[PDB]
Number of protein chains: 4
Amino acid sequence: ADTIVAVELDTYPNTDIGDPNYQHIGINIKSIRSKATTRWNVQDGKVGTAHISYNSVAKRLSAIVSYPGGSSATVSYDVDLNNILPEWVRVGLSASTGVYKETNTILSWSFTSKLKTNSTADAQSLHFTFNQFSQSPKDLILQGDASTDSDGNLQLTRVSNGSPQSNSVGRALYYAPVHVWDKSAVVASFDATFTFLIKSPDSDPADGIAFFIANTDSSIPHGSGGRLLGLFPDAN
Amino acid sequence: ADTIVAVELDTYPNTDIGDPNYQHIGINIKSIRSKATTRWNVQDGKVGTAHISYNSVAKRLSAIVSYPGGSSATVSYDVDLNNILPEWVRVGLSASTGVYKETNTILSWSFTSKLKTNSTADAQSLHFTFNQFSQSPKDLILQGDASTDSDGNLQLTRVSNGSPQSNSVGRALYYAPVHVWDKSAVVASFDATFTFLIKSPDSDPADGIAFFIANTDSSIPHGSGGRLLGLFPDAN
Amino acid sequence: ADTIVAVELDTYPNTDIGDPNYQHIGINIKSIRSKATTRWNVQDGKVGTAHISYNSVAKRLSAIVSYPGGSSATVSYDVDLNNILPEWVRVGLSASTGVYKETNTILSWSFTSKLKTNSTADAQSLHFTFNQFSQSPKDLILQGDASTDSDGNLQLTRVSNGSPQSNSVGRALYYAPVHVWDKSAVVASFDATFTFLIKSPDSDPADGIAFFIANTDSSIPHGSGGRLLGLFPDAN
Amino acid sequence: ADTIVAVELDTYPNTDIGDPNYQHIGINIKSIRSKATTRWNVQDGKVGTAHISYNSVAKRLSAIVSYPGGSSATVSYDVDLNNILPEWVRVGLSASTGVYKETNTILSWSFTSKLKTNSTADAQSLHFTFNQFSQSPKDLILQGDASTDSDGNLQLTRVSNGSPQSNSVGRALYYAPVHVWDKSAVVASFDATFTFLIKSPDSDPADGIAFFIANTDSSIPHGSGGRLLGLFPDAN
Ligand SMILES: OC[C@H]1O[C@H](Oc2c[nH]c3ccc(Br)c(Cl)c23)[C@@H](O)[C@@H](O)[C@@H]1O
Ligand SMILES: OC[C@H]1O[C@H](Oc2c[nH]c3ccc(Br)c(Cl)c23)[C@@H](O)[C@@H](O)[C@@H]1O
Ligand SMILES: OC[C@H]1O[C@H](Oc2c[nH]c3ccc(Br)c(Cl)c23)[C@@H](O)[C@@H](O)[C@@H]1O
Ligand SMILES: OC[C@H]1O[C@H](Oc2c[nH]c3ccc(Br)c(Cl)c23)[C@@H](O)[C@@H](O)[C@@H]1O
Ligand SMILES: [Ca+2]
Ligand SMILES: [Ca+2]
Ligand SMILES: [Ca+2]
Ligand SMILES: [Ca+2]
Ligand SMILES: [Mn+2]
Ligand SMILES: [Mn+2]
Ligand SMILES: [Mn+2]
Ligand SMILES: [Mn+2]
């Protein structure tokens, strides 16, 4: 199975697999059962912004999600990612729906990775930004139902004509491998931002959006729909 | 008195004011008596590199100092800087000598600050880099004995002709105020790197180099030589 | 007198001092009488975006101004700025009104400068961004009528209560000097972006907004209102 | 055949295919017969640094190559690349040897691309840096004889044990496609830097190093050794 480090924006409480009894932001380490969560309140149809950062000295993955004029929700978790992830990863977003549904629209996405080795190189770095998406994005690996629409949004899950579809899954990974640790490595860091638009006609949205880091050859696991956010093959 | 948040590379153990019994990297919050330290071994006359990062969600100031081919020393400390620092600060380096002495040469320095407010601006940012210093650096506030030499090094303490001088103090602050928190602020971060060259003809070097963040109008306090690193007026 | 290199977004044709018979973007070298212009059509009350870039090998200052869904206006001019500007400059925006008037609102501003010397340093660099302005921006030198309003816009000229005022002048310079050439310099570059909002209740707006680079101690010259854009003391 | 825009650092004069009678930096547009060149003097065994920049408003590709303490060689050429290149490209370095030989060692490489569309997005961007190369660089497409050595240099052509080999060709492309123009595009830019080490035991080195931009699926053309720099299938 894949190796997954993820930040989930979780729109639908699944109490049987560890979700708290409310919508929440979470830190996922090799499991859908978040290691930490914070209460977060979806604002139907508004543009949200998520920020994720980490560095290998501090060893603390943090995430914060906000809406305009509104107070934010943040979460943190002490973790040494370099003992978890492989040296080379891909990064991405995913989203899913189940019996309940929502738009999982990404409006923009940026990422930065830095590796600083002893000698004293500013040793290797990657920064990408998208503030909209090309109708045919050649630098994105599109998985499952993910596509870009003609407003240049990235629609991670199916929408037929304003209307989000149930039991949909989709993921976009940046085309280049990222080098996240090395043998002669002194400090590695990353920071990602994405803005997103979650809308539902139902009183209850599902299932969420996640930012995630995985083995380079990660693909959507079998059985990963709805609650498992296209990240995991099961709920362990 | 000034408000000081600093990372010290401390070359000389002052056991009467809290230094551990070895050279050490430290985190200083409003006091010379570090809140956290880690053993570090000065390599006389080699080029060292220090990295410092922080963000306001994770709330963990970390620092790591390394030399080429060598293992590093890191330190961390959980702190909410936004409850400590003012909204606007300056950033800088300082150094001092006392009865013992060393070159406090900076070879390069970069800094990044980011403030992200709710609305969803990438709201305000500053990045500067120097990989050498102009003989007359108009974007640096030079304090005390700080000057740039004709190899374009920043000599924070006095050197007359290869030879570091005792009881010297010096500081360089970047000319622009940095905006580190706001009312509508969601996350603030910074990262600094500097490379430095500490040399002594004595068996024992003193006193150290620090990176620091202070009120914009911070200046060298009276009585801040030697052990107090040009950061503090006393040892409380 | 000051040394001025500027890109003007010129809203009002002054045919007696060289303006073409239409609103226009221009390149100004030590004179209000642009060295090059291109036709540009103000869209009353829309948000515009201007981009300016230069590097010292290519020796070609270019500028382009656009509005959403609309085609842009670009201009270029072959110039060696390093033989014109001093080694250290400040950068800024200015704006003016005269008998005719407009809002000269800046919504955001970013700038980048890079100097690469032979040895092979990435030798010195500055990047700043603002996507809104602090009610009390300590890293901006505010001149004349320039102020930030409570939406965090930078109002370069006077507006009393929705309404732009006639015979107003204002400028904002970034607080730090920029190092634009050196003796051992191989290539120097800069790029600036700003977004702006020009509105008038009159059929005819005046006078314009400019991005500009000047001696560090540049201030608004006497007699520089209206057509001279707060850049020049006269029209030579 | 491939579509090639390249900057060549050309170590060996081939007078029968248009080379001037000296080592030279050149701008190549769809042909090995440079559109512009400047005299450049290889310094055997020193570390050189090359800078390349372009933007689509100015429409002027420029390049400059320097060695430490030394004066540089620059070249420029007025070209609209967006009418030449496809919307999506890859970028890379290549090098070759023939009957004469040299090390074609890259010590570091960085690239930046920016696309700014009307609406007013900072619309899409890529920045990568390498200051050394991983023994197994998963984010580089290695072609022909290109490999990384155990000092973490990128050896574009064969070296067996200090000694550069004759009739060798090699190329490294960054793994991700770059988006260089769009339909709603206002301005596109890029800047690349690389540092390199060319050494020969012969009195006469050959053949050179190039930075290049090509269709995403570009590979080494048949018959492109020696003088054609691994860029072209012939000399037209
Ligand atoms: O989209 C929300 C949820 O929908 C499904 O679970 C159900 C939520 N309400 C139900 C009602 C009936 C049945 Br059968 C099911 Cl599986 C469900 C499943 O797809 C869950 O994974 C998902 O989290
Ligand atoms: O530079 C090292 C140290 O030198 C001075 O302290 C002394 C170290 N050895 C001594 C021996 C005698 C006397 Br008096 C003094 Cl003050 C000292 C003081 O300046 C200290 O602040 C400094 O840390
Ligand atoms: O704001 C537009 C213009 O207004 C003034 O010029 C006039 C434009 N129409 C006029 C009508 C009468 C008189 Br008096 C004047 Cl000075 C003007 C002057 O302030 C000009 O500098 C400015 O460009
Ligand atoms: O490496 C330098 C040059 O070597 C070859 O050309 C020759 C240079 N001197 C020669 C002498 C004899 C013969 Br046969 C040849 Cl092909 C050559 C060819 O490989 C050229 O493409 C290359 O530019
Ligand atoms: Ca859930
Ligand atoms: Ca001490
Ligand atoms: Ca005018
Ligand atoms: Ca040749
Ligand atoms: Mn959950
Ligand atoms: Mn100490
Ligand atoms: Mn004009
Ligand atoms: Mn040639």
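Each value in this text was obtained by applying a stated rule to the coordinates, not by laboratory testing. Note: ideal-geometry Cβ built from the backbone for every residue, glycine included; neighbour counts use all protein chains shown.
Points to keep in mind about this one:
- Condition met for A:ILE220 (assigned to a strand (DSSP E or B) and aliphatic (A, V, I, L, M)): no
- Every residue from region C:1-34 that is under 16 Å from the mean Cα position of the chain (by Cα), within 9 Å of ligand 7 (Cβ to nearest atom), of a type in the set (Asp, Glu) and farther than 20 Å from C:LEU107 by Cα: none
- Applying the condition of being more than 10 Å from ligand 6 (Cβ to nearest atom) and not aliphatic (A, V, I, L, M) to region B:17-33 and asking which residue is nearest to B:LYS59 (Cα to Cα) yields B:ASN28.
- C:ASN167 closer than 26 Å to C:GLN43 by Cβ, of a type in the set (S, T, N, Q) and free of Cβ contacts under 8 Å to residues at least 40 places away in the same chain: no
- Among the residues of region A:30-74, those that are in contact with a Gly (Cβ under 9 Å, 6 or more places away or on another chain), among the β-branched types (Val, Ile, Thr) and surrounded by 20 or more Cβ atoms within 10 Å (Cβ to Cβ) comprise A:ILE32, A:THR37, A:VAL42, A:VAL65.
- Residue under evaluation B:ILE213, criteria (1) outside any strand (DSSP E or B); (2) buried (at least 22 other Cβ atoms within 10 Å of the Cβ), criterion not met: (1)
- Cβ pairs under 7 Å, 6+ apart, first in region D:208-233 and basic (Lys, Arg), second within 13 Å of ligand 8 (Cβ to nearest atom): D:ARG227/D:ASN14; D:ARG227/D:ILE17; D:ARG227/D:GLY98; D:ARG227/D:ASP207
- Flag set for D:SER71, criterion: more than 8 Å from chain C (Cβ to nearest Cβ) and farther than 25 Å from D:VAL186 by Cα.
- Among (1) within 17 Å of the chain's Cα centre (by Cα); (2) away from ligand 12 (no atom under 16 Å from the Cβ), the one test that D:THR37 misses: (2)
- Qualifying residue in region C:137-146 (condition: of a type in the set (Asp, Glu), over 18 Å from C:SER218 (Cα atoms) and part of a loop (DSSP other than H, G, I, E, B)): no
- Which listed residue, of D:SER53, D:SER31, is within 12 Å of chain C (Cβ to nearest Cβ) and either in contact (Cβ under 8 Å) with a residue 40 or more places away in the chain or away from ligand 11 (no atom under 16 Å from the Cβ) (or both): D:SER53
- Tally, over region A:202-236, of residues that are farther than 14 Å from A:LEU93 by Cβ, touching a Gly at 6+ places or on another chain (Cβ under 9 Å) and not hydroxyl-bearing (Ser, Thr, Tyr): 9
- For C:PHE133, the conditions (1) surrounded by fewer than 18 Cβ atoms within 10 Å (Cβ to Cβ); (2) under 30 Å from B:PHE130 (Cα atoms) are fulfilled apart from (1).
- Within region A:4-28, being within 13 Å of ligand 1 (Cβ to nearest atom) and either outside any strand (DSSP E or B) or small (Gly, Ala, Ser) (or both) holds for A:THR11, A:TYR12, A:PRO13, A:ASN14, A:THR15, A:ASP16, A:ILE17, A:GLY18, A:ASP19, A:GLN23.
- Within region A:191-205, the set of residues being within 16 Å of A:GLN23 (Cα to Cα) and without any contact (Cβ under 8 Å) to a residue 60 or more places away in the chain comprises just one member, A:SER203.
- Applying the condition of being farther than 19 Å from B:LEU173 by Cβ and of a type in the set (A, V, I, L, M) to region B:1-28 and asking which residue is nearest to ligand 5 (Cβ to nearest atom) yields B:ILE27.
- In summary, strands (runs of 3 or more DSSP E) completely within region C:32-133 and bearing 3 or more residues that are within 17 Å of C:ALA192 (Cα to Cα) occur at C:47-55, C:60-66, C:73-78, C:88-96, C:105-117, C:124-130.
- Applying the set (1) within 24 Å of D:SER110 (Cβ to Cβ); (2) facing another protein chain (nearest Cβ under 10 Å) to D:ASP78 leaves exactly one unmet item: (1).
- Here B:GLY98 does not qualify as surrounded by fewer than 17 Cβ atoms within 10 Å (Cβ to Cβ), more than 12 Å from chain A (Cβ to nearest Cβ), in contact (Cβ under 8 Å) with a residue 40 or more places away in the chain and touching a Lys or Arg at 6+ places or on another chain (Cβ under 9 Å).
- Matching entry among C:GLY70, C:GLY98 (being farther than 30 Å from D:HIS51 by Cα and touching a helix residue (DSSP H, G or I) at 6+ places or on another chain (Cβ under 6 Å)): C:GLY98
- Scanning region B:82-90 finds one or more residues that are buried (at least 23 other Cβ atoms within 10 Å of the Cβ) and away from ligand 10 (no atom under 14 Å from the Cβ).
- Test for B:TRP88: is it in contact with a helix residue (DSSP H, G or I) (Cβ under 7 Å, 6 or more places away or on another chain) and under 21 Å from C:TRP109 (Cβ atoms): no
- The residue list A:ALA185, A:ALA192 contains one member that is under 30 Å from B:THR49 (Cα atoms) and either within 16 Å of ligand 8 (Cβ to nearest atom) or surrounded by fewer than 23 Cβ atoms within 10 Å (Cβ to Cβ) (or both), which is A:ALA185.
- Only listed residue being more than 13 Å from the chain's Cα centre (by Cα), of a type outside the set (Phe, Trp, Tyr) and part of a loop (DSSP other than H, G, I, E, B), chosen from B:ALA188, B:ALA206: B:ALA206
- Taken together, the residues in region A:180-231 that are within 16 Å of A:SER96 (Cα to Cα) and charged (D, E, K, R) amount to 5.
- Extreme residue, surrounded by the fewest Cβ atoms within 10 Å (Cβ to Cβ), among residues of region D:106-130 that are over 15 Å from the mean Cα position of the chain (by Cα) and more than 9 Å from every other protein chain (Cβ to nearest Cβ): D:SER113
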